[PDB]
file start_3.txt (compact mmCIF, C-alpha atoms (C1' of nucleotides) and all ligand atoms)
# COMPACT_ATOMS: atom_id res chain seq x y z
CA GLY V 2 63.64 10.27 82.64
CA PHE V 3 60.87 8.24 81.02
CA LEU V 4 58.99 4.93 81.13
CA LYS V 5 61.17 1.94 80.24
CA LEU V 6 58.58 -0.84 79.87
CA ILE V 7 55.40 -2.34 81.32
CA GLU V 8 54.56 -5.72 82.88
CA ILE V 9 51.06 -7.18 83.04
CA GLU V 10 49.51 -10.29 84.65
CA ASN V 11 46.03 -11.76 83.98
CA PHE V 12 44.66 -8.48 82.65
CA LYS V 13 42.73 -7.87 79.39
CA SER V 14 43.79 -10.73 77.08
CA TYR V 15 47.26 -11.00 78.71
CA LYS V 16 47.68 -14.47 80.19
CA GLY V 17 50.66 -14.97 82.49
CA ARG V 18 53.70 -12.70 82.66
CA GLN V 19 55.05 -11.25 79.41
CA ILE V 20 57.72 -8.56 79.25
CA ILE V 21 56.64 -5.82 76.87
CA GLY V 22 59.60 -4.32 75.04
CA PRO V 23 61.61 -1.31 76.21
CA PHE V 24 60.18 2.02 75.14
CA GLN V 25 62.26 4.42 73.06
CA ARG V 26 61.62 8.16 72.78
CA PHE V 27 58.80 7.64 70.25
CA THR V 28 57.34 4.18 69.59
CA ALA V 29 53.88 3.13 68.44
CA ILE V 30 51.30 0.37 68.95
CA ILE V 31 49.69 -0.63 65.63
CA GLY V 32 47.21 -3.41 64.90
CA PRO V 33 43.83 -4.12 63.29
CA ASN V 34 40.42 -3.75 64.92
CA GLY V 35 39.76 -5.74 68.08
CA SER V 36 43.44 -6.61 68.48
CA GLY V 37 43.53 -5.72 72.17
CA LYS V 38 45.68 -2.57 72.15
CA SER V 39 43.85 0.20 74.03
CA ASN V 40 43.92 -2.14 77.06
CA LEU V 41 47.64 -1.33 77.31
CA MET V 42 46.68 2.31 77.86
CA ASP V 43 43.98 1.09 80.25
CA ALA V 44 46.66 -0.70 82.30
CA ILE V 45 48.82 2.44 82.16
CA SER V 46 45.98 4.47 83.67
CA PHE V 47 45.19 1.61 86.08
CA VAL V 48 48.66 1.46 87.64
CA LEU V 49 48.41 5.26 87.71
CA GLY V 50 44.93 4.80 89.19
CA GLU V 51 41.60 6.04 87.82
CA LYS V 52 37.90 5.25 88.16
CA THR V 53 36.68 2.12 86.34
CA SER V 54 34.03 3.67 84.03
CA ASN V 55 36.49 5.35 81.66
CA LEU V 56 38.21 1.96 81.16
CA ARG V 57 34.97 0.75 79.44
CA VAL V 58 34.41 -1.59 82.39
CA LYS V 59 32.43 -1.67 85.63
CA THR V 60 32.83 -3.12 89.15
CA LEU V 61 36.62 -3.70 88.63
CA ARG V 62 36.23 -7.47 89.00
CA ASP V 63 35.70 -7.69 85.23
CA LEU V 64 39.23 -6.44 84.47
CA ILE V 65 40.80 -9.88 85.03
CA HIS V 66 41.61 -11.99 81.95
CA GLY V 67 38.57 -13.95 80.78
CA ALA V 68 36.12 -12.09 83.03
CA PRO V 69 34.11 -10.29 80.24
CA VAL V 70 33.20 -13.70 78.81
CA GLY V 71 32.41 -14.94 82.31
CA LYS V 72 35.26 -17.30 83.17
CA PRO V 73 38.19 -15.49 84.85
CA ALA V 74 41.77 -16.65 84.45
CA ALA V 75 42.20 -16.42 88.24
CA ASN V 76 41.47 -14.17 91.23
CA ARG V 77 44.95 -12.64 90.98
CA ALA V 78 46.52 -9.90 88.86
CA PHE V 79 49.76 -7.89 88.75
CA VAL V 80 50.49 -4.83 86.67
CA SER V 81 53.91 -3.22 86.92
CA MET V 82 55.91 -0.47 85.23
CA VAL V 83 59.60 0.45 85.37
CA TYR V 84 60.57 4.12 85.19
CA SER V 85 64.07 4.72 83.80
CA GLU V 86 65.82 7.97 84.65
CA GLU V 87 69.30 9.42 84.25
CA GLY V 88 72.00 8.80 86.79
CA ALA V 89 71.58 5.03 86.15
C1' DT C 1 -9.37 51.88 -181.50
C1' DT C 2 -5.47 51.14 -177.28
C1' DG C 3 -2.12 52.12 -173.27
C1' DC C 4 -1.86 54.69 -169.47
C1' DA C 5 -3.46 57.24 -165.22
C1' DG C 6 -6.82 57.77 -162.33
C1' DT C 7 -11.84 56.58 -160.32
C1' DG C 8 -16.05 53.58 -158.57
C1' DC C 9 -17.90 49.97 -156.44
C1' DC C 10 -18.56 45.65 -154.10
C1' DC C 11 -16.96 42.64 -150.84
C1' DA C 12 -15.08 41.13 -146.50
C1' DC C 13 -12.35 40.50 -142.52
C1' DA C 14 -10.85 43.21 -139.05
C1' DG C 15 -11.54 46.35 -135.63
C1' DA C 16 -14.14 48.14 -132.46
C1' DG C 17 -17.42 49.04 -128.69
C1' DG C 18 -21.94 48.35 -126.66
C1' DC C 19 -24.46 44.26 -124.78
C1' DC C 20 -24.63 40.74 -121.57
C1' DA C 21 -23.95 36.93 -117.83
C1' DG C 22 -20.81 35.86 -114.41
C1' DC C 23 -18.62 36.88 -110.29
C1' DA C 24 -16.35 39.13 -106.48
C1' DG C 25 -16.11 43.42 -103.27
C1' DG C 26 -18.06 45.91 -98.88
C1' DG C 27 -21.87 46.50 -96.00
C1' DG C 28 -27.07 46.23 -93.74
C1' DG C 29 -30.43 43.45 -91.32
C1' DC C 30 -32.31 39.07 -89.33
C1' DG C 31 -32.85 33.66 -87.06
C1' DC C 32 -31.21 31.33 -83.34
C1' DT C 33 -28.52 29.92 -79.34
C1' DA C 34 -24.64 28.77 -75.36
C1' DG C 35 -23.06 30.75 -71.49
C1' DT C 36 -22.41 33.60 -67.98
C1' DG C 37 -23.76 37.50 -64.83
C1' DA C 38 -26.50 39.41 -61.56
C1' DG C 39 -30.55 39.97 -58.77
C1' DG C 40 -34.30 38.32 -55.98
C1' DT C 41 -36.58 34.90 -53.01
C1' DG C 42 -36.77 31.19 -49.83
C1' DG C 43 -34.80 28.27 -46.33
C1' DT C 44 -31.98 27.51 -42.76
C1' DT C 45 -29.66 28.19 -38.84
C1' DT C 46 -28.02 31.00 -35.88
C1' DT C 47 -27.19 34.18 -33.08
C1' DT C 48 -28.54 37.48 -30.31
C1' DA C 49 -31.66 38.25 -26.98
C1' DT C 50 -35.11 37.48 -23.31
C1' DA C 51 -37.28 35.23 -19.38
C1' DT C 52 -37.57 31.59 -15.75
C1' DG C 53 -35.78 28.64 -12.22
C1' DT C 54 -32.25 27.44 -9.17
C1' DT C 55 -28.68 28.57 -6.31
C1' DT C 56 -25.50 31.61 -4.12
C1' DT C 57 -24.62 35.63 -1.55
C1' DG C 58 -25.65 38.99 1.84
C1' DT C 59 -28.00 40.36 5.87
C1' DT C 60 -30.19 39.64 10.42
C1' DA C 61 -31.01 37.63 15.06
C1' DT C 62 -29.96 34.51 18.87
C1' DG C 63 -26.94 32.01 21.91
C1' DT C 64 -22.56 31.21 23.83
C1' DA C 65 -18.31 32.61 25.61
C1' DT C 66 -15.18 36.10 27.35
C1' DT C 67 -13.91 40.09 30.13
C1' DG C 68 -14.75 42.84 33.67
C1' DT C 69 -16.81 44.51 38.85
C1' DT C 70 -17.98 44.95 43.11
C1' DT C 71 -18.42 42.08 46.84
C1' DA C 72 -16.70 38.31 49.88
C1' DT C 73 -15.00 34.70 52.15
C1' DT C 74 -9.90 33.38 52.66
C1' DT C 75 -5.71 34.54 54.12
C1' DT C 76 -2.10 36.22 55.89
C1' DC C 77 0.62 39.75 58.10
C1' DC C 78 1.00 41.84 62.55
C1' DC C 79 0.25 42.50 67.56
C1' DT C 80 -0.44 41.29 73.24
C1' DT C 81 -1.43 37.11 76.16
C1' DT C 82 -1.09 32.77 77.85
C1' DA C 83 0.50 27.07 78.07
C1' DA C 84 3.66 24.12 77.48
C1' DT C 85 8.46 23.62 77.70
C1' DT C 86 12.92 24.14 78.56
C1' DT C 87 17.10 25.23 81.71
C1' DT C 88 19.46 25.76 86.24
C1' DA C 89 20.42 24.81 90.80
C1' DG C 90 19.59 21.76 95.32
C1' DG C 91 18.42 17.64 97.69
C1' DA C 92 18.19 12.94 97.73
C1' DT C 93 19.52 8.16 95.95
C1' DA C 94 22.38 4.28 94.77
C1' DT C 95 25.73 1.35 93.79
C1' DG C 96 30.55 0.96 94.12
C1' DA C 97 34.60 0.38 96.31
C1' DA C 98 37.83 0.85 99.68
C1' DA C 99 38.20 -0.35 104.58
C1' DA C 100 37.80 -2.69 108.50
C1' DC C 101 36.64 -7.07 110.62
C1' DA C 102 36.42 -11.92 110.94
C1' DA C 103 37.76 -16.59 109.08
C1' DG C 104 41.09 -20.33 107.08
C1' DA C 105 45.67 -21.33 106.44
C1' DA C 106 50.52 -21.52 107.14
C1' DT C 107 54.97 -21.06 109.70
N1 LIG U 201 39.78 -9.88 79.76
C1 LIG U 201 39.52 -10.06 78.47
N2 LIG U 201 39.73 -11.28 77.93
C2 LIG U 201 39.47 -11.47 76.63
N3 LIG U 201 39.00 -10.60 75.74
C3 LIG U 201 38.79 -9.39 76.30
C4 LIG U 201 39.02 -9.05 77.62
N4 LIG U 201 38.70 -7.72 77.84
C5 LIG U 201 38.29 -7.29 76.67
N5 LIG U 201 38.32 -8.25 75.69
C6 LIG U 201 37.92 -8.09 74.30
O1 LIG U 201 39.06 -7.91 73.51
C7 LIG U 201 38.69 -7.24 72.28
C8 LIG U 201 39.78 -6.26 71.91
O2 LIG U 201 39.42 -4.93 72.37
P1 LIG U 201 40.22 -4.31 73.61
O3 LIG U 201 41.00 -5.38 74.29
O4 LIG U 201 39.28 -3.49 74.43
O5 LIG U 201 41.24 -3.31 72.87
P2 LIG U 201 41.24 -2.56 71.44
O6 LIG U 201 40.13 -1.54 71.52
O7 LIG U 201 42.60 -1.92 71.31
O8 LIG U 201 41.00 -3.61 70.39
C9 LIG U 201 37.29 -6.65 72.54
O9 LIG U 201 36.31 -7.37 71.81
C10 LIG U 201 37.08 -6.84 74.04
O10 LIG U 201 35.73 -7.03 74.38
call {"tool": "encode", "arguments": {"input": "start_3.txt", "output": "structure tokens"}}
result
Amino acid sequence: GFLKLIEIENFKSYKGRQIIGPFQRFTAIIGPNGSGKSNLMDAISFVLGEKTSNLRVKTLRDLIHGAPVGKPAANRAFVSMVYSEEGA
DNA sequence: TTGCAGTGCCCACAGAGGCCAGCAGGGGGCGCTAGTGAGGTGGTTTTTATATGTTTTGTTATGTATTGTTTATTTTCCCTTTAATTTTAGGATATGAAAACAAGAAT
């Protein structure tokens, strides 16, 4: 089928658990500069798995919320997707 | 002797014509002068002409500037040869990141 929606925890300006909306056949993510939007794609690649450098980040302990400043949100992060396919 | 018919003489006063002064006619020759007219001489200027001085024009010589000339040092186009310099593996490093182990903590 396709990807229904994405769930993030303590990752790239995403405090706590927030349910991102369900994804239709063609949606879009729009916002001004520095709004924290490419990080959604970074999480998509992350749950798919890829080396840290292409996520404009090193050592993979900087990916937690608040880590680039220097004060992490916690030592604990979830990311989770739900794939929706036909046959219910 | 006389009357009558006819003659002689003396005068005189118009009568007449030469004499004469007066006076007017024509044209000959001289005394004198006003007023031009022309001709000759002298003065003046003047005008042409001639000679001298100054300046203007023409010719000659020297210096400067322009054009040309064979050098002559660029200069620049064209070779063959290096001296950096770049590119391609090939090995080694490093720093990360899972992975396993060991250490609290809970059940
Ligand atoms: N964990 C984080 N917490 C807070 N701010 C962050 C965090 N990671 C990145 N940022 C900052 O958020 C800003 C938004 O950029 P980013 O999140 O990368 O996405 P986008 O490029 O779509 O704006 C950047 O200045 C980035 O440095």
call {"tool": "interface_residues", "arguments": {"input": "start_3.txt", "of": "chain V", "to": "chain C", "cutoff": "12 Å", "atoms": "all atoms listed in the file", "output": "list in words"}}
result
residues 52, 53, 54, 59, 60, 61 and 62 of chain V
call {"tool": "residues_near_ligand", "arguments": {"input": "start_3.txt", "ligand": "ligand LIG 201 (chain U)", "cutoff": "9 Å", "atoms": "only C-alpha atoms (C1' of nucleotides) and all ligand atoms", "output": "mmCIF file with C-alpha atoms, in the coordinates of the input"}}
result
data_model
loop_
_atom_site.group_PDB
_atom_site.id
_atom_site.type_symbol
_atom_site.label_atom_id
_atom_site.label_comp_id
_atom_site.auth_asym_id
_atom_site.auth_seq_id
_atom_site.Cartn_x
_atom_site.Cartn_y
_atom_site.Cartn_z
ATOM 1 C CA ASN V 11 46.030 -11.760 83.980
ATOM 2 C CA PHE V 12 44.660 -8.480 82.650
ATOM 3 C CA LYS V 13 42.730 -7.870 79.390
ATOM 4 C CA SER V 14 43.790 -10.730 77.080
ATOM 5 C CA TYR V 15 47.260 -11.000 78.710
ATOM 6 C CA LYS V 16 47.680 -14.470 80.190
ATOM 7 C CA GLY V 32 47.210 -3.410 64.900
ATOM 8 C CA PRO V 33 43.830 -4.120 63.290
ATOM 9 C CA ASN V 34 40.420 -3.750 64.920
ATOM 10 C CA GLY V 35 39.760 -5.740 68.080
ATOM 11 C CA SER V 36 43.440 -6.610 68.480
ATOM 12 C CA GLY V 37 43.530 -5.720 72.170
ATOM 13 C CA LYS V 38 45.680 -2.570 72.150
ATOM 14 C CA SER V 39 43.850 0.200 74.030
ATOM 15 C CA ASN V 40 43.920 -2.140 77.060
ATOM 16 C CA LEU V 41 47.640 -1.330 77.310
ATOM 17 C CA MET V 42 46.680 2.310 77.860
ATOM 18 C CA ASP V 43 43.980 1.090 80.250
ATOM 19 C CA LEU V 56 38.210 1.960 81.160
ATOM 20 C CA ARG V 57 34.970 0.750 79.440
ATOM 21 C CA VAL V 58 34.410 -1.590 82.390
ATOM 22 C CA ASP V 63 35.700 -7.690 85.230
ATOM 23 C CA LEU V 64 39.230 -6.440 84.470
ATOM 24 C CA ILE V 65 40.800 -9.880 85.030
ATOM 25 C CA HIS V 66 41.610 -11.990 81.950
ATOM 26 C CA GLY V 67 38.570 -13.950 80.780
ATOM 27 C CA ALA V 68 36.120 -12.090 83.030
ATOM 28 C CA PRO V 69 34.110 -10.290 80.240
ATOM 29 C CA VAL V 70 33.200 -13.700 78.810
ATOM 30 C CA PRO V 73 38.190 -15.490 84.850
ATOM 31 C CA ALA V 74 41.770 -16.650 84.450
#
call {"tool": "atom_distance", "arguments": {"input": "start_3.txt", "atom1": "atom CA of residue 4 of chain V", "atom2": "atom CA of residue 89 of chain V"}}
result
13.6 Å
call {"tool": "atom_distance", "arguments": {"input": "start_3.txt", "atom1": "atom CA of residue 22 of chain V", "atom2": "atom CA of residue 75 of chain V"}}
result
25.0 Å
call {"tool": "atom_distance", "arguments": {"input": "start_3.txt", "atom1": "atom CA of residue 83 of chain V", "atom2": "atom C1' of residue 99 of chain C"}}
result
28.8 Å
call {"tool": "closest_residue", "arguments": {"input": "start_3.txt", "among": "V:79, V:84, V:27, V:3", "to": "residue 44 of chain V", "atoms": "all atoms listed in the file"}}
result
V:79
call {"tool": "residues_around", "arguments": {"input": "start_3.txt", "residues": "residue 2 of chain V", "least_positions_apart": "4", "cutoff": "6 Å", "atoms": "all atoms listed in the file", "output": "ChimeraX atom specification"}}
result
/V:85-87
call {"tool": "axis_aligned_box", "arguments": {"input": "start_3.txt", "around": "segment 55-67 of chain V", "padding_each_side": "3 Å", "output": "lines of an AutoDock Vina configuration file"}}
result
center_x = 37.0
center_y = -4.3
center_z = 84.3
size_x = 15.2
size_y = 25.3
size_z = 15.7
call {"tool": "build_atoms", "arguments": {"input": "start_3.txt", "residues": "segment 7-24 of chain V", "atoms": "N, CA, C and O atoms", "output": "short mmCIF file (atom, residue, chain, number, x, y, z; two decimals), in the frame of the given file"}}
result
data_model
loop_
_atom_site.label_atom_id
_atom_site.label_comp_id
_atom_site.auth_asym_id
_atom_site.auth_seq_id
_atom_site.Cartn_x
_atom_site.Cartn_y
_atom_site.Cartn_z
N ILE V 7 56.60 -2.04 80.55
CA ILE V 7 55.40 -2.34 81.32
C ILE V 7 55.27 -3.85 81.45
O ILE V 7 55.63 -4.60 80.53
N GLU V 8 54.79 -4.30 82.61
CA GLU V 8 54.56 -5.72 82.88
C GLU V 8 53.12 -5.91 83.34
O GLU V 8 52.60 -5.12 84.13
N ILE V 9 52.48 -6.96 82.83
CA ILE V 9 51.06 -7.18 83.04
C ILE V 9 50.89 -8.65 83.45
O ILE V 9 51.66 -9.51 83.04
N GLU V 10 49.86 -8.92 84.27
CA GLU V 10 49.51 -10.29 84.65
C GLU V 10 48.00 -10.40 84.70
O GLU V 10 47.35 -9.66 85.45
N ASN V 11 47.45 -11.35 83.92
CA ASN V 11 46.03 -11.76 83.98
C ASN V 11 45.08 -10.58 83.79
O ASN V 11 44.10 -10.43 84.52
N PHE V 12 45.37 -9.74 82.81
CA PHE V 12 44.66 -8.48 82.65
C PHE V 12 44.44 -8.22 81.17
O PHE V 12 45.40 -7.90 80.46
N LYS V 13 43.19 -8.34 80.71
CA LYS V 13 42.73 -7.87 79.39
C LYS V 13 43.50 -8.55 78.25
O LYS V 13 44.29 -7.93 77.54
N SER V 14 43.24 -9.86 78.12
CA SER V 14 43.79 -10.73 77.08
C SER V 14 45.30 -10.93 77.20
O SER V 14 45.98 -11.18 76.20
N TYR V 15 45.83 -10.83 78.42
CA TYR V 15 47.26 -11.00 78.71
C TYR V 15 47.40 -12.10 79.76
O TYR V 15 47.50 -11.83 80.96
N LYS V 16 47.42 -13.35 79.30
CA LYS V 16 47.68 -14.47 80.19
C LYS V 16 49.13 -14.48 80.65
O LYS V 16 50.05 -14.26 79.85
N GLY V 17 49.34 -14.79 81.93
CA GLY V 17 50.66 -14.97 82.49
C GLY V 17 51.46 -13.67 82.55
O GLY V 17 50.91 -12.57 82.55
N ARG V 18 52.78 -13.83 82.60
CA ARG V 18 53.70 -12.70 82.66
C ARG V 18 54.47 -12.63 81.35
O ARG V 18 55.19 -13.57 80.99
N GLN V 19 54.31 -11.51 80.64
CA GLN V 19 55.05 -11.25 79.41
C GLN V 19 55.70 -9.88 79.51
O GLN V 19 55.05 -8.92 79.93
N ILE V 20 56.97 -9.80 79.16
CA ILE V 20 57.72 -8.56 79.25
C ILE V 20 57.52 -7.80 77.95
O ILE V 20 58.02 -8.20 76.89
N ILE V 21 56.77 -6.70 78.02
CA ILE V 21 56.64 -5.82 76.87
C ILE V 21 57.97 -5.10 76.67
O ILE V 21 58.70 -4.82 77.63
N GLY V 22 58.30 -4.82 75.41
CA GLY V 22 59.60 -4.32 75.04
C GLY V 22 59.92 -2.97 75.65
O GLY V 22 59.03 -2.23 76.09
N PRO V 23 61.21 -2.64 75.73
CA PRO V 23 61.61 -1.31 76.21
C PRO V 23 61.11 -0.22 75.28
O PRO V 23 60.98 -0.41 74.07
N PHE V 24 60.83 0.94 75.86
CA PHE V 24 60.18 2.02 75.14
C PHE V 24 61.22 3.08 74.81
O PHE V 24 61.89 3.60 75.71
#
